[PDB]
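Presented below is the structure to which this report refers.
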Amino acid sequence: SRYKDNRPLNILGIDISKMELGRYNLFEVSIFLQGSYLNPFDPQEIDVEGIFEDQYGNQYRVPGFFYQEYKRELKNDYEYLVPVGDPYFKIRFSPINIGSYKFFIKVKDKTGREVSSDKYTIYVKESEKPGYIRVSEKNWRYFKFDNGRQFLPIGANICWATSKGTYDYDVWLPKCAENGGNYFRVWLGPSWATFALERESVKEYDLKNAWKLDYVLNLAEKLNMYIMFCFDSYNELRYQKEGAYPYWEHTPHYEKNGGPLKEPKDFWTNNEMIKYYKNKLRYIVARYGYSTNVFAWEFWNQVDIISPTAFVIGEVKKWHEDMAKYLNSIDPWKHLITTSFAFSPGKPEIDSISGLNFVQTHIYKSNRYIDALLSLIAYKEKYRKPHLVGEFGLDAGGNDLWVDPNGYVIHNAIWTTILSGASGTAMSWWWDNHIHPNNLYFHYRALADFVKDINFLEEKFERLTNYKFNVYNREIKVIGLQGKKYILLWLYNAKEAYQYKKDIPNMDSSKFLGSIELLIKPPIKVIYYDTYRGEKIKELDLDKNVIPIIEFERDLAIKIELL
């Protein structure tokens with residue numbers, strides 16, 4: 001209990017960030033106090049709250065959180081954080097309505113004593129921010145912002161940094177954002193992770209790592225990127241002898257390391273662990289919940305491959321139901337909630353829970369992965385909620401980077417997923433050793449420029465069917481969406497799409513390869529699109545349902561507009 005206090009509860013100071021701000025922007029209160037508490041991360045020891053009310057009478061109860069300021073520096077190849085000042089408490093709020101708000105601070109400590117502040121008034125003006133990310137009510141396959149515009153996630157996993165820490169995100173995030181990226185995922189466990197909150201303990205949270213997460217979230221805010229926060233990874237509950245990057249023996253949850261658990265199975269039902277996990281969720285909501293740049297709360301990375309001694313499907317299901325209910329109940333902004341599985345088909349008993357707002361797939365497969373992605377997307381339509389292919393790669397032991405230095409595998413997956421009805425792109429691994437050094441961002445820019453001007457929420461898109469190729473010299477296949485106004489096609493050569501040795505491909509718009517006839521009524525306009533240069537190649541008006549296919553090397557995109 002390094003942060004204990006033993007004085008009569010009193011507020012000693014309050015600082016307010018701004019008195020006027022824009023819709024969905026951060027309003028931050030700093031509270032200096034003394035009191036009696038052993039653990040500032042435990043609301044039973046000290047409970048700080050901000051009570052906000054808009055001019056319509058809506059009220060928000062925002063938990064406060066313990067904070068230490070740091071100043072970052074680089075010591076050669078590692079980030080080092082110098083503490084600045086004493087730690088204190090903060091409230092972070094975001095107004096969803098414009099107009100006036102009133103608020104006050106309340107504090108209670110373990111003695112039962114309570115103190116509070118006077119009431120303060122702030123004023124909120126309109127802003128450009130679209131709001132929080134929600135499931136679309138118009139098409140359950142997709143996400144929207146509160147303002148009704150679509151959110152199509154385009155990005156990759158960017159889950160931790162090197163020892164350079166936040167300085168790596170300074171490099172990776174602007175490059176992603178300038179190439180159409182609006183999404184990434186970070187890990188808040190296991191204890192070695194850049195943003196690990198449970199670093200030394202499951203009862204108290206790491207203020208340096210939390211500060212790094214603030215920094216990265218603030219950078220996302222500047223770049224219009226949206227983050228999935230993964231709270232825990234399976235490694236925490238996997239024994240050394242089980243392999244697959246196990247970490248039980250080193251995790252703070254284990255009794256050997258000061259935690260409450262004798263074995264990982266007890267994580268789901270141990271009363272002390274559940275209490276501390278709820279405190280962690282409260283801390284996460286308090287510190288990050290204000291942010292519209294939090295796309296989703298993800299409980300687990302690959303919960304199915306915790307130790308087999310610990311995976312009890314009914315208990316894991318009940319825990320997800322109960323924690324989703326708790327997290328929603330305390331999150332004033334009701335961010336989306338999900339969880340993930342290593343097994344590509346997932347676990348229906350958990351994926352079907354109403355408290356999980358969207359489902360995911362992880363898949364690492366080297367052979368015929370285009371067909372595997374299409375099959376999994378078709379299958380998970382049964383859930384009638386969005387589907388994110390949250391991890392994707394070859395099954396090559398991490399050698400994707402030397403088998404496919406040009407990123408054709410990523411290329412194939414992002415086109416396949418977004419034109420098959422997934423909520424966004426397949427999310428690659430290998431951000432640090434492949435995507436960045438091989439400069440693969442151009443693949444995402446080309447795809448973003450092809451999709452961004454169509455409202456997917458309103459096209460009534462369906463996986464393409466009812467087509468017939470007429471092609472003689474080759475084996476061409478298609479992944480397609482058919483909508484009320486647009487038909488989006490991705491064509492690929494089955495004999496070239498899975499070979500990765502050659503340089504970037506061309507196309508010849510003066511030469512005819514074959515045709516594809518579709519069940520659509522002319523007249524139509526056809527745009528042919530180079531998926532590597534991200535450029536329109538040719539445009540053609542037609543009064544039949546027969547689309548000529550121009551010569552191309554590897555793959556080609558076609559945008560058809562019904563007139």
Side-chain angles (χ1 to χ4, degrees), residues 136 138-143 150 152 154 180 370-371 373-375 377-378 381 386-387 389 411-426 443 446-467 469-471 474-494 497 509 512-518 520-535 537-543 545-552 554-563:
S136 175
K138 294 169 179 169
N139 190 327
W140 47 259
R141 293 175 178 64
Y142 298 109
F143 302 112
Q150 75 192 0
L152 294 182
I154 299 179
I370 293 165
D371 305 289
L373 286 164
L374 179 64
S375 174
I377 289 161
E381 286 167 7
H387 177 189
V389 181
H411 179 98
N412 290 342
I414 66 177
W415 283 92
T416 295
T417 53
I418 216 161
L419 301 185
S420 286
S423 65
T425 58
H443 289 290
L447 180 55
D449 284 353
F450 183 82
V451 302
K452 65 191 318 198
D453 300 317
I454 291 166
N455 191 339
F456 280 61
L457 307 183
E458 286 164 7
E459 276 305 302
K460 299 180 178 91
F461 271 138
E462 319 187 309
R463 275 183 288 116
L464 183 81
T465 66
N466 279 355
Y467 62 89
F469 277 111
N470 202 52
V471 53
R474 316 266 185 96
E475 193 183 357
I476 308 312
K477 297 178 174 179
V478 65
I479 300 287
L481 290 184
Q482 184 159 185
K484 72 197 203 95
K485 181 175 246 175
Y486 299 94
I487 295 92
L488 306 184
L489 302 182
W490 184 62
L491 300 171
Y492 68 94
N493 185 311
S509 63
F512 172 91
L513 184 161
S515 63
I516 186 171
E517 171 195 339
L518 298 155
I520 54 156
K521 182 252 172 186
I524 64 189
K525 180 184 284 327
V526 182
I527 289 168
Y528 300 82
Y529 188 84
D530 184 315
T531 60
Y532 296 86
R533 303 171 42 109
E535 291 175 349
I537 295 174
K538 177 184 180 82
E539 291 185 27
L540 173 65
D541 288 312
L542 300 178
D543 42 66
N545 55 348
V546 178
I547 318 303
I549 300 166
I550 66 169
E551 169 79 332
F552 67 91
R554 296 190 69 94
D555 58 273
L556 167 71
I558 299 177
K559 180 178 291 178
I560 298 153
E561 188 178 354
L562 304 162
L563 301 174

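Residue indices begin at 1 and follow the sequence shown. All values below were derived from every heavy atom in this structure, side-chain atoms included, with hydrogens, water molecules and symmetry-related copies excluded.
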Counting neighbours of CD on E381 that are heavy atoms of other residues, nucleotides or ligands and sit closer than 6.0 Å, is the number greater than 12? yes

Between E539 and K525, is there a side-chain N and carboxylate O pair less than 4.0 Å apart? no

Less than 4.5 Å apart, any side-chain heavy atom of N493 and any of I476? yes

Note, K485 side chain near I454 side chain (heavy atom, < 4.5 Å): no

Which heavy atom in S515 sits nearest to a heavy atom in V546, and how many Å separate them? CB-CG1, 3.6 Å

With a 4.5 Å cut-off on side-chain heavy atoms, are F461 and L419 touching? no

Heavy-atom pair of closest approach, residues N545 and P522: N-CG, 4.1 Å

Do you know which two heavy atoms are closest between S423 and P386, and how far apart they sit? CB-CB, 4.2 Å

Does any part of the side chain of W490, heavy atoms only, come nearer than 4.5 Å to the side chain of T531, both counted from C-beta? yes

Side chains of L488 and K559: closer than 4.5 Å at any heavy-atom pair? yes

Can you classify the ring geometry of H411 versus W415 as parallel (below 30°), tilted (30 to 60°) or perpendicular (above 60°)? tilted

Which of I524, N466, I560 passes side chain to side chain contact (heavy atoms under 4.5 Å, CB included) with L518? Answer is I560

Side chains of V526 and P548, heavy atoms from C-beta outward: is any pair under 4.5 Å? no

If we check side chain to side chain contact (heavy atoms under 4.5 Å, CB included) with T417, which of these qualifies: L447, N412, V389, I479? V389

Exam field: side chain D530 to backbone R533, donor-acceptor pair closer than 3.5 Å: yes

Do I549 and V471 have side chains that approach each other closer than 4.5 Å (heavy atoms only, starting at C-beta)? no

Looking only at heavy atoms, the pair that brings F469 and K477 closest together is CZ-C, 3.7 Å

Checking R463 side chain against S420 main chain: does a donor-acceptor pair fall under 3.5 Å? no

Please check: side-chain N/O of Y529 versus main-chain N/O of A446, any donor-acceptor pairing under 3.5 Å? yes

In the structure I gave you, are the side-chain heavy atoms of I547 and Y528 within less than 4.5 Å of one another anywhere? yes

For the side chain of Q150 and the backbone of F456, is there at least one donor-acceptor N/O pair under 3.5 Å apart? yes

